[PDB]
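Reading through the structure tokens given below for one structure.
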Amino acid sequence: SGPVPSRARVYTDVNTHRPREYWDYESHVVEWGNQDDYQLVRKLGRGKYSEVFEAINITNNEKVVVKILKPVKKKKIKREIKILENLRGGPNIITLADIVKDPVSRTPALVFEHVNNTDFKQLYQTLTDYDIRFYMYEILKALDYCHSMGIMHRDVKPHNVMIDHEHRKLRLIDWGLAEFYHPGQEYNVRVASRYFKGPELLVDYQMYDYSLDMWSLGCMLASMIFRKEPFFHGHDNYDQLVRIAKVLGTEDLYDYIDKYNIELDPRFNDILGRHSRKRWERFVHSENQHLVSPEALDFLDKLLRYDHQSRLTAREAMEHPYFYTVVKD
Ligand SMILES: O=C(O)c1ccc(/C=N/N=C2c3ccccc3-c3ccccc32)cc1
């Protein structure tokens, strides 16, 4: 018989009604800028798929970021480019300023606006209750926008949320794992970072959607209000589901599995055990209590659910009482 199909409960048909050119990234013709406009200053980091540099646009003396892509998985490149251009101008979305061909790597190099970022490790130790709510709302603006545009990020994690704390500014970055949502489409479950992988990924359910980002967001929220980084600390993808099950319980996991007619990897049989759902108060202590409120716990509870269809959508999340105290623009 196989697994039961699933559909996003919102923005389901956005791509089906757009021109083919919008989501057919393979046919996208990249318009190239002049690589000589930019001078590399220092290397900021090297990821699995790229190297990131601080640079300067010598045509306006403005600081920029240059992301030089590695010559691996070429399809991945046009996908990120198309998604960046599609989302450009949206609230709290990183702005792609240019695309040039790097003369040395002989690969595409993405030029982004410069954002004076604070290290998340140092920053999460600092955030007040108000600031957690403020920045969560800003992240939600970004996620609702890309979801409404038919795109799931699929790599929401602290590293991909760049915050300029001095100016109260936030950008969602690295859309290299982002995809267009097409209802009924089966996707690769090898996305996101381990600690932020939704249950759908960990049980190998391929027909997922925007709600994946909302699980990841929930993981971030839990790490912020409970001051535990990361909140679900698996030592591999299998232990990762066990960690989640020790909090949300095994019965709701099996119900989830049963609902979508999924068959768990049999290796879970000797390690999953039997666990009751824990009350969120379990994780409150003297050092995080000032960050926890009934509102915060209700919100978290509605994000961290096994069933991806039952999680709050981005727009619903923005309606939650948790954000009543946040001053709106
Ligand atoms: O992949 C992307 O979309 C992407 C977009 C923008 C940036 C910019 N990053 N900036 C900084 C950075 C990156 C890695 C490690 C350290 C830093 C840093 C330190 C101070 C000021 C800015 C940055 C990256 C990727």
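Ligands are numbered from 1 in the order shown, chains are lettered A, B, ... in the order of the structure tokens, and residues start at 1 in each chain.
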List every residue of chain A that has an atom at most 8 Å from any atom of ligand 1, and for each one report the closest atom pair and its distance in Å to one decimal, counting only C-alpha atoms and all ligand atoms, with rows sorted by chain and then by increasing residue number, as CSV.
```
residue,atom,partner,partner_atom_place_in_ligand_line,distance
A:44,CA,ligand 1,15 (C),4.7
A:45,CA,ligand 1,14 (C),5.1
A:52,CA,ligand 1,24 (C),6.2
A:53,CA,ligand 1,13 (C),7.7
A:54,CA,ligand 1,10 (N),7.2
A:65,CA,ligand 1,8 (C),5.5
A:66,CA,ligand 1,7 (C),7.7
A:67,CA,ligand 1,1 (O),6.3
A:94,CA,ligand 1,5 (C),6.4
A:112,CA,ligand 1,6 (C),5.9
A:113,CA,ligand 1,6 (C),7.2
A:114,CA,ligand 1,8 (C),6.5
A:115,CA,ligand 1,22 (C),5.8
A:116,CA,ligand 1,21 (C),4.6
A:117,CA,ligand 1,21 (C),4.6
A:118,CA,ligand 1,20 (C),6.8
A:119,CA,ligand 1,19 (C),7.3
A:160,CA,ligand 1,25 (C),7.6
A:162,CA,ligand 1,9 (N),7.3
A:172,CA,ligand 1,3 (O),7.8
A:173,CA,ligand 1,3 (O),4.1
A:174,CA,ligand 1,3 (O),3.3
A:175,CA,ligand 1,3 (O),5.8
A:176,CA,ligand 1,1 (O),6.9
```
DSSP on the backbone: which residues in range 15-258 of chain A end up as alpha helix (DSSP H)? Give the answer as a PyMOL selection string. chain A and resi 20-23+74-87+120-124+129-148+199-202+211-225+237-248+250-258
Pick out the residues sitting within 7 Å of residue 210 in chain A, and hand them over as a ChimeraX atom specification; count only C-alpha atoms, and ignore anything fewer than 5 positions along from it in its own chain. /A:8,147,152
Find the spatial neighbours of range 253-261 of chain A, counting only C-alpha atoms, within a cut-off of 9 Å - ignore same-chain residues fewer than 5 positions away - and output them as a ChimeraX atom specification. /A:1-6,199,203,205,245,248,306-307
Can I get the selection written as a short mmCIF file (atom, residue, chain, number, x, y, z; two decimals), in the first residue's frame, with N, CA and C atoms?
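And here's out.cif as it stands now:
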```
data_model
loop_
_atom_site.label_atom_id
_atom_site.label_comp_id
_atom_site.auth_asym_id
_atom_site.auth_seq_id
_atom_site.Cartn_x
_atom_site.Cartn_y
_atom_site.Cartn_z
N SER A 1 0.82 -1.21 0.00
CA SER A 1 0.00 0.00 0.00
C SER A 1 0.86 1.26 0.00
N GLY A 2 1.78 1.35 0.96
CA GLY A 2 2.68 2.48 1.04
C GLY A 2 2.15 3.59 1.92
N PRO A 3 2.95 4.66 2.09
CA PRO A 3 2.54 5.79 2.94
C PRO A 3 1.37 6.58 2.36
N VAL A 4 0.58 7.16 3.26
CA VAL A 4 -0.53 8.03 2.90
C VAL A 4 0.00 9.38 2.44
N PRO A 5 -0.59 9.95 1.37
CA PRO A 5 -0.16 11.26 0.88
C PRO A 5 -0.50 12.40 1.83
N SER A 6 0.16 13.54 1.62
CA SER A 6 -0.03 14.71 2.46
C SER A 6 0.05 15.99 1.62
N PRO A 199 10.39 15.52 12.57
CA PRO A 199 10.06 14.09 12.63
C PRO A 199 9.82 13.48 11.26
N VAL A 203 11.70 9.98 10.21
CA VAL A 203 11.00 8.73 9.95
C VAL A 203 10.94 8.46 8.45
N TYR A 205 9.66 10.30 5.85
CA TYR A 205 8.44 10.63 5.11
C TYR A 205 8.71 11.76 4.11
N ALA A 245 11.35 11.82 21.18
CA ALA A 245 10.36 10.94 21.79
C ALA A 245 10.40 10.95 23.33
N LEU A 248 8.19 14.36 23.72
CA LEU A 248 6.83 14.36 23.19
C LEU A 248 6.11 13.02 23.40
N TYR A 306 4.48 16.23 16.32
CA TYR A 306 4.88 15.20 15.36
C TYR A 306 4.19 15.41 14.02
N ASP A 307 2.86 15.47 14.06
CA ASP A 307 2.08 15.63 12.85
C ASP A 307 2.30 17.01 12.24
#
```
Using only C-alpha atoms, pick whichever of A:264, A:241, A:303, A:296 has the shortest atom-to-atom distance to residue 194 in chain A.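 Selected residue with least distance to residue 194 in chain A: A:241.
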What's the 12 Å shell around residue 293 in chain A, counting only C-alpha atoms, without same-chain residues fewer than 5 positions away, as a ChimeraX atom specification? /A:129-130,133,225-226,280-281,284,288,298-300,321-323
Take the residues just selected and output them with N, CA, C and O atoms as a PDB file, in the first residue's frame.
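Writing the result to selection04.pdb gives the following:
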```
ATOM      1  N   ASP A 129      13.448  38.236  27.323  1.00  0.00           N
ATOM      2  CA  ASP A 129      12.136  37.719  26.954  1.00  0.00           C
ATOM      3  C   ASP A 129      11.547  38.523  25.796  1.00  0.00           C
ATOM      4  O   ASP A 129      11.078  37.950  24.807  1.00  0.00           O
ATOM      5  N   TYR A 130      11.599  39.848  25.910  1.00  0.00           N
ATOM      6  CA  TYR A 130      11.078  40.718  24.860  1.00  0.00           C
ATOM      7  C   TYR A 130      11.807  40.512  23.527  1.00  0.00           C
ATOM      8  O   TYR A 130      11.177  40.465  22.470  1.00  0.00           O
ATOM      9  N   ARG A 133      10.820  37.393  21.689  1.00  0.00           N
ATOM     10  CA  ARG A 133       9.530  37.585  21.025  1.00  0.00           C
ATOM     11  C   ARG A 133       9.673  38.463  19.777  1.00  0.00           C
ATOM     12  O   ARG A 133       9.108  38.160  18.724  1.00  0.00           O
ATOM     13  N   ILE A 225      14.144  29.922  24.893  1.00  0.00           N
ATOM     14  CA  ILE A 225      13.433  30.157  26.151  1.00  0.00           C
ATOM     15  C   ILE A 225      13.889  29.224  27.273  1.00  0.00           C
ATOM     16  O   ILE A 225      13.770  29.575  28.446  1.00  0.00           O
ATOM     17  N   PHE A 226      14.416  28.047  26.928  1.00  0.00           N
ATOM     18  CA  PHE A 226      14.899  27.120  27.954  1.00  0.00           C
ATOM     19  C   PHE A 226      16.403  27.216  28.162  1.00  0.00           C
ATOM     20  O   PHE A 226      16.943  26.590  29.082  1.00  0.00           O
ATOM     21  N   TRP A 280       5.876  20.792  29.805  1.00  0.00           N
ATOM     22  CA  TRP A 280       6.951  21.726  29.473  1.00  0.00           C
ATOM     23  C   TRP A 280       7.606  22.325  30.716  1.00  0.00           C
ATOM     24  O   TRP A 280       8.755  22.764  30.657  1.00  0.00           O
ATOM     25  N   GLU A 281       6.890  22.317  31.840  1.00  0.00           N
ATOM     26  CA  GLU A 281       7.426  22.820  33.107  1.00  0.00           C
ATOM     27  C   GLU A 281       8.674  22.054  33.538  1.00  0.00           C
ATOM     28  O   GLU A 281       9.505  22.574  34.277  1.00  0.00           O
ATOM     29  N   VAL A 284      11.818  23.970  32.849  1.00  0.00           N
ATOM     30  CA  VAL A 284      11.968  25.287  33.459  1.00  0.00           C
ATOM     31  C   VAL A 284      12.803  25.193  34.733  1.00  0.00           C
ATOM     32  O   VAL A 284      12.614  24.295  35.552  1.00  0.00           O
ATOM     33  N   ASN A 288      16.240  29.972  33.541  1.00  0.00           N
ATOM     34  CA  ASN A 288      15.491  30.327  32.333  1.00  0.00           C
ATOM     35  C   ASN A 288      14.062  30.807  32.594  1.00  0.00           C
ATOM     36  O   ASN A 288      13.353  31.180  31.659  1.00  0.00           O
ATOM     37  N   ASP A 298       2.521  27.780  25.375  1.00  0.00           N
ATOM     38  CA  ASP A 298       1.419  27.440  24.487  1.00  0.00           C
ATOM     39  C   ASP A 298       1.872  27.507  23.037  1.00  0.00           C
ATOM     40  O   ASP A 298       1.560  26.626  22.243  1.00  0.00           O
ATOM     41  N   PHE A 299       2.609  28.565  22.707  1.00  0.00           N
ATOM     42  CA  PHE A 299       3.167  28.757  21.368  1.00  0.00           C
ATOM     43  C   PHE A 299       4.119  27.618  20.995  1.00  0.00           C
ATOM     44  O   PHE A 299       3.987  27.011  19.926  1.00  0.00           O
ATOM     45  N   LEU A 300       5.067  27.322  21.879  1.00  0.00           N
ATOM     46  CA  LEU A 300       6.031  26.252  21.619  1.00  0.00           C
ATOM     47  C   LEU A 300       5.309  24.937  21.392  1.00  0.00           C
ATOM     48  O   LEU A 300       5.624  24.184  20.463  1.00  0.00           O
ATOM     49  N   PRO A 321      -0.973  34.989  21.040  1.00  0.00           N
ATOM     50  CA  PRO A 321      -0.857  35.928  22.167  1.00  0.00           C
ATOM     51  C   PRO A 321       0.578  36.201  22.625  1.00  0.00           C
ATOM     52  O   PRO A 321       0.837  37.241  23.220  1.00  0.00           O
ATOM     53  N   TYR A 322       1.491  35.278  22.338  1.00  0.00           N
ATOM     54  CA  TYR A 322       2.913  35.459  22.627  1.00  0.00           C
ATOM     55  C   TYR A 322       3.455  36.783  22.084  1.00  0.00           C
ATOM     56  O   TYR A 322       4.350  37.383  22.675  1.00  0.00           O
ATOM     57  N   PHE A 323       2.898  37.245  20.968  1.00  0.00           N
ATOM     58  CA  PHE A 323       3.408  38.451  20.321  1.00  0.00           C
ATOM     59  C   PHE A 323       2.598  39.713  20.617  1.00  0.00           C
ATOM     60  O   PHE A 323       2.886  40.763  20.051  1.00  0.00           O
TER      61      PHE A 323
END
```
Neighbour list for residue 329 in chain A as a list in words, cut-off 12 Å, only C-alpha atoms, skip fewer than 5 positions in-chain: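 In the requested form, the answer reads residues 134, 137, 138 and 141 of chain A.
Shortest separation to residue 148 in chain A among A:271, A:72, A:87, A:132 occurs at residue A:87, atoms counted being only C-alpha atoms.
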At what distance in Å, to one decimal, does CA of residue 215 in chain A lie from CA of residue 273 in chain A?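 Distance between the two atoms: 22.9 Å.
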Within 10 Å of residue 37 in chain A using only C-alpha atoms, minus same-chain residues under 2 positions, as a list in words: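 Residues near the query, excluding close chain neighbours: residues 33, 34, 35, 39, 56, 57, 58, 59, 60, 61 and 100 of chain A.
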For the residues selected in the previous step, produce a file with N, CA, C and O atoms as a PDB file, in the first residue's frame.
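Just written: selection-v1.pdb:
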```pdb
ATOM      1  N   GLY A  33      26.938  39.859 -13.649  1.00  0.00           N
ATOM      2  CA  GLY A  33      27.511  41.170 -13.414  1.00  0.00           C
ATOM      3  C   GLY A  33      29.005  41.123 -13.672  1.00  0.00           C
ATOM      4  O   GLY A  33      29.512  40.128 -14.181  1.00  0.00           O
ATOM      5  N   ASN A  34      29.709  42.194 -13.319  1.00  0.00           N
ATOM      6  CA  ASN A  34      31.157  42.257 -13.493  1.00  0.00           C
ATOM      7  C   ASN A  34      31.921  41.883 -12.225  1.00  0.00           C
ATOM      8  O   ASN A  34      31.868  42.602 -11.227  1.00  0.00           O
ATOM      9  N   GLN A  35      32.648  40.772 -12.277  1.00  0.00           N
ATOM     10  CA  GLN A  35      33.372  40.275 -11.112  1.00  0.00           C
ATOM     11  C   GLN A  35      34.417  41.271 -10.606  1.00  0.00           C
ATOM     12  O   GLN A  35      34.748  41.283  -9.420  1.00  0.00           O
ATOM     13  N   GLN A  39      36.178  43.275  -4.643  1.00  0.00           N
ATOM     14  CA  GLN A  39      37.484  42.827  -4.175  1.00  0.00           C
ATOM     15  C   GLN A  39      37.354  42.092  -2.845  1.00  0.00           C
ATOM     16  O   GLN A  39      36.831  42.635  -1.868  1.00  0.00           O
ATOM     17  N   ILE A  56      34.334  44.081  -0.872  1.00  0.00           N
ATOM     18  CA  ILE A  56      33.934  45.461  -1.071  1.00  0.00           C
ATOM     19  C   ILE A  56      33.614  45.723  -2.536  1.00  0.00           C
ATOM     20  O   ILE A  56      34.386  45.368  -3.429  1.00  0.00           O
ATOM     21  N   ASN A  57      32.453  46.326  -2.771  1.00  0.00           N
ATOM     22  CA  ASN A  57      32.083  46.793  -4.094  1.00  0.00           C
ATOM     23  C   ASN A  57      32.821  48.098  -4.345  1.00  0.00           C
ATOM     24  O   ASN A  57      32.488  49.123  -3.758  1.00  0.00           O
ATOM     25  N   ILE A  58      33.828  48.056  -5.213  1.00  0.00           N
ATOM     26  CA  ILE A  58      34.673  49.223  -5.446  1.00  0.00           C
ATOM     27  C   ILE A  58      33.977  50.294  -6.284  1.00  0.00           C
ATOM     28  O   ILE A  58      34.503  51.391  -6.452  1.00  0.00           O
ATOM     29  N   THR A  59      32.794  49.980  -6.804  1.00  0.00           N
ATOM     30  CA  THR A  59      32.044  50.941  -7.607  1.00  0.00           C
ATOM     31  C   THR A  59      31.173  51.847  -6.737  1.00  0.00           C
ATOM     32  O   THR A  59      30.572  52.798  -7.232  1.00  0.00           O
ATOM     33  N   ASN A  60      31.104  51.550  -5.442  1.00  0.00           N
ATOM     34  CA  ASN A  60      30.372  52.404  -4.512  1.00  0.00           C
ATOM     35  C   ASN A  60      30.935  52.331  -3.096  1.00  0.00           C
ATOM     36  O   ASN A  60      30.309  52.803  -2.148  1.00  0.00           O
ATOM     37  N   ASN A  61      32.113  51.723  -2.967  1.00  0.00           N
ATOM     38  CA  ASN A  61      32.791  51.577  -1.678  1.00  0.00           C
ATOM     39  C   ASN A  61      31.944  50.911  -0.601  1.00  0.00           C
ATOM     40  O   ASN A  61      32.170  51.122   0.589  1.00  0.00           O
ATOM     41  N   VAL A 100      28.186  37.044 -10.105  1.00  0.00           N
ATOM     42  CA  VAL A 100      29.344  37.123 -10.985  1.00  0.00           C
ATOM     43  C   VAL A 100      30.002  35.758 -11.127  1.00  0.00           C
ATOM     44  O   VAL A 100      29.742  34.841 -10.344  1.00  0.00           O
TER      45      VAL A 100
END
```
Separation of CA of residue 27 in chain A and CA of residue 13 in chain A, in Å?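 Between these atoms lies a distance of 21.0 Å.
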Taking the DSSP assignment computed from this structure's backbone, write out as a PyMOL selection string all residues of range 167-254 of chain A that belong to strand (DSSP E or B). chain A and resi 169-172+179-180
Hey, can you spit out that residue selection with N, CA, C and O atoms as a PDB file, in the first residue's frame?
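The new file result.pdb reads:
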```pdb
ATOM      1  N   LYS A 169      17.906  44.431  13.493  1.00  0.00           N
ATOM      2  CA  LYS A 169      17.632  43.971  12.137  1.00  0.00           C
ATOM      3  C   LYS A 169      17.968  42.493  11.978  1.00  0.00           C
ATOM      4  O   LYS A 169      18.936  41.996  12.563  1.00  0.00           O
ATOM      5  N   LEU A 170      17.170  41.803  11.173  1.00  0.00           N
ATOM      6  CA  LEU A 170      17.291  40.361  11.016  1.00  0.00           C
ATOM      7  C   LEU A 170      17.131  39.936   9.554  1.00  0.00           C
ATOM      8  O   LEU A 170      16.300  40.479   8.826  1.00  0.00           O
ATOM      9  N   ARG A 171      17.933  38.962   9.129  1.00  0.00           N
ATOM     10  CA  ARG A 171      17.824  38.409   7.782  1.00  0.00           C
ATOM     11  C   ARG A 171      17.878  36.891   7.805  1.00  0.00           C
ATOM     12  O   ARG A 171      18.705  36.300   8.505  1.00  0.00           O
ATOM     13  N   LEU A 172      17.004  36.259   7.033  1.00  0.00           N
ATOM     14  CA  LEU A 172      17.072  34.815   6.848  1.00  0.00           C
ATOM     15  C   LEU A 172      17.967  34.514   5.638  1.00  0.00           C
ATOM     16  O   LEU A 172      17.710  35.010   4.542  1.00  0.00           O
ATOM     17  N   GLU A 179      13.513  24.873  -1.491  1.00  0.00           N
ATOM     18  CA  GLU A 179      12.828  24.260  -2.625  1.00  0.00           C
ATOM     19  C   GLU A 179      11.460  24.870  -2.861  1.00  0.00           C
ATOM     20  O   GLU A 179      10.873  25.469  -1.962  1.00  0.00           O
ATOM     21  N   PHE A 180      10.972  24.711  -4.084  1.00  0.00           N
ATOM     22  CA  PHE A 180       9.606  25.062  -4.435  1.00  0.00           C
ATOM     23  C   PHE A 180       8.662  23.965  -3.965  1.00  0.00           C
ATOM     24  O   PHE A 180       8.926  22.774  -4.184  1.00  0.00           O
TER      25      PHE A 180
END
```
Please report the interatomic distance between CA of residue 234 in chain A and CA of residue 251 in chain A in Å with one decimal. 19.7 Å
Counting only C-alpha atoms, which of A:212, A:127, A:220, A:247 gets nearest to residue 139 in chain A? A:220
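The closest residue to residue 93 in chain A, picked from A:42, A:20, A:153, A:74 and counting only C-alpha atoms, is A:153.
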Under the rule that only C-alpha atoms are counted, which of A:165, A:302, A:63, A:227 is the nearest residue to residue 111 in chain A?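 Closest to residue 111 in chain A of all the choices is A:63.
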